[PDB]
Amino acid sequence: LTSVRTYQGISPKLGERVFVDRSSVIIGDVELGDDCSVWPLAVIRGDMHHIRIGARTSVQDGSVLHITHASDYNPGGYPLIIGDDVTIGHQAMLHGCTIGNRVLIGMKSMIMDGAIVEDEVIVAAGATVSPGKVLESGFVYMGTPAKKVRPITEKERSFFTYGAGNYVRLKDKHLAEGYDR
Amino acid sequence: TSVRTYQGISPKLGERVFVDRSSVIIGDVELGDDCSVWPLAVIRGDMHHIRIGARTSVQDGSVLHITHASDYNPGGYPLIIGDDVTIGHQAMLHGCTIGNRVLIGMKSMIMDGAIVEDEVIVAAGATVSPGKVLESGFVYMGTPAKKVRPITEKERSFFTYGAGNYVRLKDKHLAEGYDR
Amino acid sequence: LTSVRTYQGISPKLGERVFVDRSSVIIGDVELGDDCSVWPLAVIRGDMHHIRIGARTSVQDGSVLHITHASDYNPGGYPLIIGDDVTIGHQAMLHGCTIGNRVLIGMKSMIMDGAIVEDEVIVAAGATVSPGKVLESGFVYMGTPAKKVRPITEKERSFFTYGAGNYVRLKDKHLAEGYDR
């Protein structure tokens with residue numbers, strides 16, 4: 001089992017009841033909060049910078065989460081910071097960005113260096129959020145580049161917590177199957 | 001652990017199915033005869049069922065999933081894929097229906113409830129919106145995917161030629177023992 | 001360990017100090033130059049045609065590199081040829097194309113059959129380079145389909161070698177961790 005890998009003396013720190021599929025790859029300076037889930041063939045690579053993920057957040061199949069090293073081309077680099085109750089859809093590409101709490105990241109979407117996604121935002125599937133772009137709390141964004149479509153509805157606001165909740169129940173089923181061992 | 005039982009349900013594999021040892025298939029998934037699932041593809045039939053027809057390829061890095069039934073999506077969305085379908089590399093299929101003799105372009109995305117009819121081409125990189133029905137005999141391209149042109153006779157023949165080529169190719173990969 | 005696989009009597013040829021993550025999959029008729037690096041969950045499938053990659057080139061997480069077999073639909077097929085100091089971003093999709101030296105291929109970009117990317121070109125993240133498209137040296141290309149945006153800057157010119165060199169150093173660290181075994 002080499003899904004959770006120590007890198008230069010730094011071991012990923014996992015909260016309680018974290019699911020990491022045996023086929024996922026997590027490396028180095030990464031923290032995941034309680035009840036997080038990392039699904040088949042996802043990569044979370046915290047080698048050249050740090051990665052911090054909150055509680056009850058899913059990183060779905062085929063997603064890649066990475067960072068940008070500090071250099072003269074990017075002074076200070078770009079770590080990756082992700083909040084609680086975030087649903088990261090299949091095949092997402094998250095790079096050096098900041099994501100708040102209660103956020104839906106659509107499958108196949110891409111969030112780039114220095115981008116900031118505020119609380120309670122929906123990023124539609126396939127969207128591209130450009131470097132340094134700020135997504136305003138309470139809105140749906142769509143397209144390449146991602147543009148504000150409309151405010152979220154009350155049903156959608158509810159879904160942030162319910163949907164993350166469903167993935168918590170699901171990862172508990174996968175944990176019961178022993179898919180992380 | 002490329003073919004995993006989930007809550008007592010084991011994937012059902014037809015005759016001569018190739019599943020690369022690096023792919024991940026979970027739960028309520030049925031694959032027809034001569035299907036192939038290529039390196040690092042995921043077919044996750046946990047919250048709903050997935051059915052794939054005969055002579056269909058699911059190429060490298062593709063992810064196939066479904067939507068669970070709730071008040072938000074009453075009944076949910078299973079994933080149904082027909083025969084002689086070529087699902088290109090890094091495709092994203094979610095709770096949709098695909099007919100027979102269909103090309104799904106590499107890096108394309110087919111969303112919940114969409115239906116691709118027989119003999120359709122979805123161009124590489126295209127996104128087929130939720131609920132959209134793609135008309136038989138046409139090429140769809142773009143984000144969002146739009147009808148661009150009718151397929152050509154040579155393209156029509158390619159559905160079958162190409163699926164056949166992948167059948168012969170997966171037999172070579174099986175012969176190398178890549179599924180074990 | 002089945003990351004580097006013989007196929008129909010042909011084994012991948014690896015140069016000096018090459019890193020292949022244990023979770024990547026390399027098949028058949030593939031050659032990698034000195035100091036190349038292939039990152040978690042990448043696929044390089046040289047079954048129906050040849051794939052050649054030069055020195056100090058990275059193939060990043062979740063990328064898929066493949067080719068097109070020779071047939072009446074594609075006379076002679078399309079092999080995959082990649083030069084030195086090429087940075088292939090996460091989740092790239094390279095199919096049957098030719099890529100020169102000192103090239104940045106953005107994450108999630110797609111380069112298709114018969115495309116030719118000249119030396120010192122930047123392909124922006126998420127771009128699709130159409131089949132047969134020629135990318136002229138010294139320019140930035142962006143979009144779907146990819147179009148010329150502007151010439152590269154001097155800092156961008158220097159980054160091809162800097163960035164590739166940074167990945168050579170990074171892969172030595174990953175080798176030191178034994179991630180390829």
# chains A, B, ... in the order shown; residues from 1 in each chain; ligands from 1
>>> interface_residues(of="chain B", to="chain C", cutoff="8 Å", atoms="only C-alpha atoms", output="PyMOL selection string")
chain B and resi 39-40+60-61+89-90+107+125+158+172-173+176
>>> write_last_selection(atoms="C-alpha atoms", output="compact mmCIF listing (two decimals), in the first residue's frame")
# COMPACT_ATOMS: atom_id res chain seq x y z
CA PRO B 39 -5.18 1.76 -18.17
CA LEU B 40 -6.31 4.06 -15.36
CA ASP B 60 -7.27 5.36 -20.80
CA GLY B 61 -8.12 7.72 -17.97
CA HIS B 89 -9.16 8.66 -23.64
CA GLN B 90 -10.01 10.79 -20.61
CA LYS B 107 -11.64 14.39 -23.31
CA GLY B 125 -13.27 17.96 -26.07
CA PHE B 158 -15.35 3.60 -38.95
CA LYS B 172 -3.13 -8.58 -27.73
CA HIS B 173 -3.16 -6.89 -24.32
CA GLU B 176 0.46 -9.98 -22.61
>>> residues_around(residues="residue B:69", least_positions_apart="3", cutoff="12 Å", atoms="only C-alpha atoms", output="number ranges by chain")
A: 163, 166; B: 46-49, 66, 72-78, 95
>>> write_last_selection(atoms="N, CA, C and O atoms", output="compact mmCIF listing (two decimals), in the first residue's frame")
# COMPACT_ATOMS: atom_id res chain seq x y z
N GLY A 163 -25.14 17.23 -0.15
CA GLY A 163 -24.31 16.51 -1.10
C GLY A 163 -22.99 16.06 -0.50
O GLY A 163 -22.56 14.92 -0.70
N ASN A 166 -23.86 13.25 1.60
CA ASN A 166 -24.05 12.01 0.87
C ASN A 166 -22.71 11.34 0.58
O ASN A 166 -22.61 10.12 0.65
N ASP B 46 -21.47 2.23 -7.79
CA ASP B 46 -21.85 2.07 -6.39
C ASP B 46 -23.30 2.51 -6.12
O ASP B 46 -24.12 1.70 -5.69
N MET B 47 -23.60 3.77 -6.41
CA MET B 47 -24.91 4.35 -6.09
C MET B 47 -25.98 4.09 -7.15
O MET B 47 -27.14 4.46 -6.97
N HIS B 48 -25.58 3.48 -8.27
CA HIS B 48 -26.52 3.13 -9.32
C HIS B 48 -25.81 2.14 -10.21
O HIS B 48 -24.62 1.89 -10.01
N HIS B 49 -26.51 1.57 -11.19
CA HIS B 49 -25.90 0.55 -12.04
C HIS B 49 -25.36 1.11 -13.37
O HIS B 49 -25.82 2.15 -13.86
N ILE B 66 -22.31 7.66 -12.08
CA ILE B 66 -23.77 7.73 -12.09
C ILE B 66 -24.25 8.73 -11.04
O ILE B 66 -23.45 9.27 -10.28
N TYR B 72 -33.34 15.44 -4.81
CA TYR B 72 -32.64 16.29 -5.77
C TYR B 72 -32.63 15.68 -7.18
O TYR B 72 -32.73 16.40 -8.17
N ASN B 73 -32.51 14.36 -7.25
CA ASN B 73 -32.59 13.63 -8.51
C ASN B 73 -33.44 12.36 -8.36
O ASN B 73 -32.90 11.26 -8.23
N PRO B 74 -34.77 12.52 -8.35
CA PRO B 74 -35.64 11.36 -8.12
C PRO B 74 -35.31 10.23 -9.08
O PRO B 74 -35.27 10.44 -10.30
N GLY B 75 -35.05 9.05 -8.53
CA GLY B 75 -34.71 7.88 -9.34
C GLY B 75 -33.23 7.77 -9.68
O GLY B 75 -32.73 6.69 -9.99
N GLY B 76 -32.52 8.89 -9.63
CA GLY B 76 -31.12 8.92 -10.01
C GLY B 76 -30.93 8.71 -11.50
O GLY B 76 -31.89 8.72 -12.27
N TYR B 77 -29.68 8.50 -11.92
CA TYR B 77 -29.36 8.27 -13.32
C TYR B 77 -28.38 7.11 -13.42
O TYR B 77 -27.25 7.22 -12.94
N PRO B 78 -28.80 5.98 -14.02
CA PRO B 78 -27.82 4.93 -14.30
C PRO B 78 -27.04 5.29 -15.56
O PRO B 78 -27.35 6.30 -16.20
N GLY B 95 -24.09 9.32 -15.79
CA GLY B 95 -25.53 9.10 -15.76
C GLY B 95 -26.27 9.31 -17.07
O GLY B 95 -27.41 9.80 -17.09
>>> closest_residue(among="A:159, A:86, A:107, A:172", to="residue B:111", atoms="only C-alpha atoms")
A:107
>>> residues_around(residues="residue C:80", least_positions_apart="4", cutoff="7 Å", atoms="only C-alpha atoms", output="MDAnalysis selection string")
chainID C and resid 50:52 67 95:98
>>> write_last_selection(atoms="N, CA, C and O atoms", output="PDB file, in the first residue's frame")
ATOM      1  N   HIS C  50       5.030   4.094 -32.648  1.00  0.00           N
ATOM      2  CA  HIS C  50       6.141   4.468 -31.775  1.00  0.00           C
ATOM      3  C   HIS C  50       5.950   5.816 -31.064  1.00  0.00           C
ATOM      4  O   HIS C  50       5.289   6.723 -31.574  1.00  0.00           O
ATOM      5  N   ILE C  51       6.515   5.908 -29.867  1.00  0.00           N
ATOM      6  CA  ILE C  51       6.534   7.139 -29.079  1.00  0.00           C
ATOM      7  C   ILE C  51       7.990   7.414 -28.689  1.00  0.00           C
ATOM      8  O   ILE C  51       8.658   6.555 -28.122  1.00  0.00           O
ATOM      9  N   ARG C  52       8.471   8.621 -28.984  1.00  0.00           N
ATOM     10  CA  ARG C  52       9.853   8.989 -28.707  1.00  0.00           C
ATOM     11  C   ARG C  52       9.857  10.294 -27.932  1.00  0.00           C
ATOM     12  O   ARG C  52       9.225  11.262 -28.348  1.00  0.00           O
ATOM     13  N   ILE C  67      -1.176   7.221 -29.681  1.00  0.00           N
ATOM     14  CA  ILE C  67      -0.844   7.321 -31.087  1.00  0.00           C
ATOM     15  C   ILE C  67      -1.980   6.774 -31.939  1.00  0.00           C
ATOM     16  O   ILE C  67      -2.987   6.292 -31.412  1.00  0.00           O
ATOM     17  N   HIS C  95      -1.845  13.155 -28.644  1.00  0.00           N
ATOM     18  CA  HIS C  95      -2.208  12.079 -29.557  1.00  0.00           C
ATOM     19  C   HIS C  95      -1.568  12.292 -30.923  1.00  0.00           C
ATOM     20  O   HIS C  95      -1.909  13.229 -31.631  1.00  0.00           O
ATOM     21  N   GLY C  96      -0.617  11.430 -31.269  1.00  0.00           N
ATOM     22  CA  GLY C  96      -0.098  11.372 -32.627  1.00  0.00           C
ATOM     23  C   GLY C  96       0.526  12.646 -33.151  1.00  0.00           C
ATOM     24  O   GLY C  96       0.514  12.889 -34.362  1.00  0.00           O
ATOM     25  N   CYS C  97       1.101  13.442 -32.256  1.00  0.00           N
ATOM     26  CA  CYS C  97       1.615  14.752 -32.642  1.00  0.00           C
ATOM     27  C   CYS C  97       3.136  14.829 -32.598  1.00  0.00           C
ATOM     28  O   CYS C  97       3.818  13.879 -32.203  1.00  0.00           O
ATOM     29  N   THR C  98       3.668  15.970 -33.021  1.00  0.00           N
ATOM     30  CA  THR C  98       5.091  16.211 -32.943  1.00  0.00           C
ATOM     31  C   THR C  98       5.327  17.480 -32.137  1.00  0.00           C
ATOM     32  O   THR C  98       4.666  18.494 -32.360  1.00  0.00           O
TER      33      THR C  98
END
>>> atom_distance(atom1="atom CA of residue A:35", atom2="atom CA of residue A:90")
18.2 Å
>>> residues_around(residues="residue A:18", least_positions_apart="5", cutoff="7 Å", atoms="only C-alpha atoms", output="ChimeraX atom specification")
/A:34-37
>>> write_last_selection(atoms="N, CA, C and O atoms", output="CSV table (one decimal), in the first residue's frame")
chain,number,residue,atom,x,y,z
A,34,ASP,N,-11.4,15.6,9.1
A,34,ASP,CA,-12.3,14.5,9.4
A,34,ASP,C,-13.2,14.2,8.2
A,34,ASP,O,-13.7,15.2,7.6
A,35,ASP,N,-13.5,12.9,7.9
A,35,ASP,CA,-14.5,12.5,7.0
A,35,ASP,C,-14.3,12.9,5.5
A,35,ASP,O,-15.2,12.8,4.7
A,36,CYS,N,-13.0,13.3,5.2
A,36,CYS,CA,-12.7,13.5,3.8
A,36,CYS,C,-12.6,12.2,3.0
A,36,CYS,O,-12.5,11.2,3.6
A,37,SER,N,-12.7,12.3,1.7
A,37,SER,CA,-12.6,11.1,0.8
A,37,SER,C,-11.8,11.4,-0.4
A,37,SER,O,-12.0,12.5,-1.0
>>> atom_distance(atom1="atom CA of residue C:155", atom2="atom CA of residue C:136")
18.3 Å
>>> closest_residue(among="C:137, C:11, C:68, C:101", to="residue C:161", atoms="only C-alpha atoms")
C:101
>>> select_by_dssp(residues="stretch 1-172 of chain A", states="strand (DSSP E or B)", output="ChimeraX atom specification")
/A:4-5,7,10,13-14,19-20,25-32,37-38,43-53,58-59,64-66,68,71,74,78,80-82,86-88,93-95,98-99,103-105,110-111,116-117,122-123,128-129,134-135,139-142,147-151
>>> residues_around(residues="residue A:117", least_positions_apart="4", cutoff="12 Å", atoms="only C-alpha atoms", output="PyMOL selection string")
chain A and resi 80-83+86+94+96-105+110-113+121-123+129-141+146
>>> write_last_selection(atoms="N, CA and C atoms", output="compact mmCIF listing (two decimals), in the first residue's frame")
# COMPACT_ATOMS: atom_id res chain seq x y z
N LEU A 80 -2.13 25.14 -1.90
CA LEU A 80 -3.51 24.79 -2.23
C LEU A 80 -4.30 24.66 -0.93
N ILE A 81 -5.32 25.50 -0.77
CA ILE A 81 -6.11 25.54 0.46
C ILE A 81 -7.58 25.33 0.13
N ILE A 82 -8.18 24.32 0.75
CA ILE A 82 -9.56 23.93 0.45
C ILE A 82 -10.33 23.77 1.76
N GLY A 83 -11.55 24.29 1.80
CA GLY A 83 -12.34 24.32 3.03
C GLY A 83 -13.13 23.05 3.33
N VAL A 86 -16.67 20.64 0.81
CA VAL A 86 -16.41 20.94 -0.60
C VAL A 86 -16.50 19.64 -1.39
N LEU A 94 -7.07 21.19 -9.87
CA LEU A 94 -6.95 22.29 -8.92
C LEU A 94 -5.47 22.58 -8.72
N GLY A 96 -2.78 25.40 -7.03
CA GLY A 96 -2.35 26.59 -6.30
C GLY A 96 -3.45 27.59 -5.97
N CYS A 97 -4.66 27.09 -5.75
CA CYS A 97 -5.80 27.98 -5.55
C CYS A 97 -6.34 27.91 -4.12
N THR A 98 -7.30 28.78 -3.82
CA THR A 98 -7.95 28.79 -2.51
C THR A 98 -9.45 28.59 -2.70
N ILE A 99 -10.01 27.63 -1.98
CA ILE A 99 -11.43 27.32 -2.06
C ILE A 99 -12.04 27.37 -0.65
N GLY A 100 -13.16 28.08 -0.51
CA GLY A 100 -13.81 28.23 0.79
C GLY A 100 -14.61 27.01 1.23
N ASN A 101 -15.59 27.23 2.10
CA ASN A 101 -16.44 26.16 2.60
C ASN A 101 -17.72 26.06 1.79
N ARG A 102 -18.29 24.85 1.71
CA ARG A 102 -19.57 24.63 1.04
C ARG A 102 -19.53 25.08 -0.42
N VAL A 103 -18.76 24.35 -1.22
CA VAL A 103 -18.51 24.70 -2.61
C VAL A 103 -18.66 23.44 -3.45
N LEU A 104 -19.27 23.58 -4.63
CA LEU A 104 -19.37 22.50 -5.60
C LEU A 104 -18.40 22.80 -6.73
N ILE A 105 -17.39 21.94 -6.90
CA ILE A 105 -16.47 22.05 -8.05
C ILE A 105 -16.91 21.01 -9.09
N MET A 110 -11.38 23.34 -13.91
CA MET A 110 -9.98 23.65 -13.64
C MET A 110 -9.90 24.99 -12.93
N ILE A 111 -9.19 25.01 -11.81
CA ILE A 111 -9.04 26.22 -11.01
C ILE A 111 -7.55 26.49 -10.88
N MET A 112 -7.12 27.67 -11.32
CA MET A 112 -5.69 27.93 -11.54
C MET A 112 -5.02 28.77 -10.45
N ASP A 113 -3.71 28.96 -10.57
CA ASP A 113 -2.91 29.58 -9.50
C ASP A 113 -3.46 30.92 -9.01
N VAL A 121 -20.25 28.69 -3.48
CA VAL A 121 -20.14 28.93 -4.91
C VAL A 121 -20.32 27.60 -5.63
N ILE A 122 -20.94 27.63 -6.81
CA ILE A 122 -20.98 26.47 -7.68
C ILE A 122 -20.13 26.78 -8.91
N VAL A 123 -19.15 25.92 -9.19
CA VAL A 123 -18.42 26.01 -10.45
C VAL A 123 -18.93 24.91 -11.36
N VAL A 129 -11.40 28.45 -14.26
CA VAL A 129 -11.24 29.66 -13.45
C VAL A 129 -9.80 30.12 -13.57
N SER A 130 -9.61 31.28 -14.21
CA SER A 130 -8.29 31.78 -14.56
C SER A 130 -7.44 32.19 -13.35
N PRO A 131 -6.11 32.26 -13.54
CA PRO A 131 -5.24 32.63 -12.42
C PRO A 131 -5.67 33.95 -11.79
N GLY A 132 -5.79 33.97 -10.47
CA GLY A 132 -6.10 35.18 -9.73
C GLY A 132 -7.56 35.61 -9.73
N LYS A 133 -8.40 34.84 -10.42
CA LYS A 133 -9.82 35.16 -10.49
C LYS A 133 -10.49 34.95 -9.14
N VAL A 134 -11.39 35.85 -8.78
CA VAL A 134 -12.14 35.66 -7.55
C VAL A 134 -13.58 35.31 -7.89
N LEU A 135 -14.07 34.20 -7.33
CA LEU A 135 -15.47 33.83 -7.49
C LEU A 135 -16.26 34.28 -6.27
N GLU A 136 -17.24 35.15 -6.49
CA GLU A 136 -18.02 35.74 -5.40
C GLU A 136 -18.99 34.75 -4.76
N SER A 137 -19.00 34.76 -3.43
CA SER A 137 -19.88 33.91 -2.64
C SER A 137 -21.34 33.99 -3.11
N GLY A 138 -21.96 32.82 -3.24
CA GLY A 138 -23.40 32.75 -3.48
C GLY A 138 -23.76 32.75 -4.94
N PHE A 139 -22.78 32.54 -5.82
CA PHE A 139 -23.06 32.53 -7.25
C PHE A 139 -22.65 31.25 -7.97
N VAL A 140 -23.25 31.03 -9.14
CA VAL A 140 -22.89 29.95 -10.05
C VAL A 140 -21.99 30.51 -11.14
N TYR A 141 -20.87 29.84 -11.42
CA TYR A 141 -19.96 30.26 -12.49
C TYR A 141 -19.82 29.17 -13.53
N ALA A 146 -14.42 31.24 -16.81
CA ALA A 146 -15.65 31.16 -16.03
C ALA A 146 -16.24 32.53 -15.78
>>> residues_around(residues="residue B:102", least_positions_apart="2", cutoff="12 Å", atoms="only C-alpha atoms", output="ChimeraX atom specification")
/B:53,55-57,81-88,97-100,104-105,115-123,134-140,151,155-163
>>> decode(residues="stretch 124-138 of chain C", atoms="C-alpha atoms", output="JSON list (two decimals), in the first residue's frame")
[["chain", "number", "residue", "atom", "x", "y", "z"],
["C", 124, "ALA", "CA", -1.95, 27.59, -22.62],
["C", 125, "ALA", "CA", -3.73, 25.41, -20.10],
["C", 126, "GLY", "CA", -6.91, 23.86, -21.50],
["C", 127, "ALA", "CA", -6.06, 24.53, -25.15],
["C", 128, "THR", "CA", -6.97, 22.19, -27.99],
["C", 129, "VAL", "CA", -4.50, 22.11, -30.87],
["C", 130, "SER", "CA", -6.44, 20.79, -33.85],
["C", 131, "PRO", "CA", -5.29, 17.87, -36.04],
["C", 132, "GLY", "CA", -2.55, 19.02, -38.42],
["C", 133, "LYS", "CA", -2.18, 22.43, -36.78],
["C", 134, "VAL", "CA", 1.31, 23.98, -36.87],
["C", 135, "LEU", "CA", 2.38, 26.08, -33.89],
["C", 136, "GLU", "CA", 5.04, 28.61, -34.87],
["C", 137, "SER", "CA", 8.18, 29.00, -32.78],
["C", 138, "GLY", "CA", 8.28, 31.81, -30.22]]
